[PDB]
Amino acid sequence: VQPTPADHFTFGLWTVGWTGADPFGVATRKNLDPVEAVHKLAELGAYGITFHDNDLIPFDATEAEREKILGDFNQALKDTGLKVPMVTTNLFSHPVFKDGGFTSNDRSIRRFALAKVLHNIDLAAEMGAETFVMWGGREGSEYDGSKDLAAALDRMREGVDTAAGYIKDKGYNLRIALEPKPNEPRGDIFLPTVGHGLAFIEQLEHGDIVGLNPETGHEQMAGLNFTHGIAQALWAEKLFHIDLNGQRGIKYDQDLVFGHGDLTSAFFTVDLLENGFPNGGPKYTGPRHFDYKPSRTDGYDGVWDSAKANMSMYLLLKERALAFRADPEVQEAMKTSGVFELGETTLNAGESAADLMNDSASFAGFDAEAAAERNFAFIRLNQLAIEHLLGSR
């Protein structure tokens, strides 16, 4: 497992920089200087860094302060060669955003939130980022009568189309990536899953540059299959970015290291990212980003250790996933289970609906009881998969 910048492993400033405050306690770690994060990450083999506007530039920063911080940060980047592929906006920590940014009930707050986004598109464009992520963490409610739900989607759309229009207008080479989360910090968050994110994009005026940024753990907080969810994003050609982390069930957002949650699911996500679909189709080509948090029990050792562990796990999974598809025994099991058979169209070329109702062999004389005896042998194909994952074969 030796990462290299050709792997395209990206990390957020807030990931290794997470200080350790959770809702039951305060920080266990001192703040991390952004110059050091950049240097350290570059020596680990990372390809780039990502930040929320306020991870770097304090909310209340004066202009002299802002310029100093960017000079320092631009210095570090020049020095190490790290790229800045994604930039996002913090529309959830200041008290002003307690009801949302884009979908706040207070109209003045909505205006400030959108203004804040627009300024950050400029920053992102100047840093050379290709993706602009939107995570609407405070968009939602605890109680069902708190919102007009139709107006909430209208407001949402208005903010996202305004940002997309501005990108088009300014000539910037950026795409927006929506990032779904079912709950936390709100009781219910708007556009809860990958499916709801895809759906909403189809109702936008400038939806052509608006896509998804799915996060492992987020999908798993509604108990969904991450791999199935990104497969649908990919099939719609909307998988613009990916956030990899780990979660161990339906509960608070854990943000563990990728592979430290549901392991078999992590193996099949790697397989999908690396091998694509068995019958061919689109392949994911962007950065492999890690939006995790080093457990608060661990000191600064642990922070670089956990950063190292993300890349190790991905690499270890990749090696196994490549060995798995290369295996001749796995290819035969795949043919036997009908994996390649699923890729053949149901209908024969130029055969219509009426033509099919009409074929006797297809319905009226179809031997249903005889077709039902097929042994799909999915258990054995899963056993082969697990034995490659364990490095048994």
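From 1 onward, residues are counted along the sequence shown.
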- Message: Quick check on the record: does 277-285 or 146-154 carry the larger mean Cα temperature factor?
- Response: 277-285
- Message: Which is higher on mean Cα B factor in this entry, 166-174 or 136-144?
- Response: 166-174
- Most elevated Cα B-factor in the entry, residues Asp99, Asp72, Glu219, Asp243: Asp72
- In terms of CA temperature factor as recorded, identify the highest of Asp188, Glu215, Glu202, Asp79. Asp79
- In terms of the CA temperature factor given in the entry, to which third of its chain does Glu130 belong: lowest, middle or highest? middle
- Query: Based on the entry's values, in what third of the chain does the Cα temperature factor of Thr50 lie: lowest, middle or highest?
  - Reply: lowest
- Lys318 - which third its CA temperature factor falls in, relative to the rest of the chain: highest
- Task: Would you please rank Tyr300 by its C-alpha temperature factor against the other modelled residues of its chain and give the third it falls in: lowest, middle or highest?
- Result: highest
- Item | Chain third (lowest, middle, highest) by recorded CA B-factor, residue given as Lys238 | middle
